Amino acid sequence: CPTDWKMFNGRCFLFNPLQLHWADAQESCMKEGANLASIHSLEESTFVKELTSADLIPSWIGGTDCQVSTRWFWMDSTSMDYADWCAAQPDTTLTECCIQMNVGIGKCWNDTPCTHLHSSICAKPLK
């Protein structure tokens, strides 16, 4: 993997501490040939959590159901075969359609307004 990135299951990951809304976070990843990260297993979830410091900082990941409620998509076009929703989540309301991880005391996923500023996780295949 390139310098500051970390490898896991054929992909490289990076924690971007900069506070950005979802769209800016995705744009920031694209500048590096990446996408906000998709997560497909508890093993991957744990690996990414280890990139967010001892505080497990709330972070944007690349999933949303912003087009049609309840229809979730990852920006890297991989399948939605895993989720780590907090209790009662997701709300599926189009007004809070971007996935945020490391949310609350449970450090789980919560769909939230995409305009909120958060750190983020970027990922891209290993070359």
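Residue numbers here begin at 1 and follow the sequence given.
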Taking the deposited Cα B-factors and averaging over 35-43 and over 82-90, the higher mean is found in 82-90
Stretch with higher mean Cα temperature factor, 44-52 vs 66-74, is 44-52
In terms of its chain's C-alpha B-factors, the third that includes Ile105 is the highest
In terms of its chain's C-alpha B-factors, the third that includes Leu14 is the middle
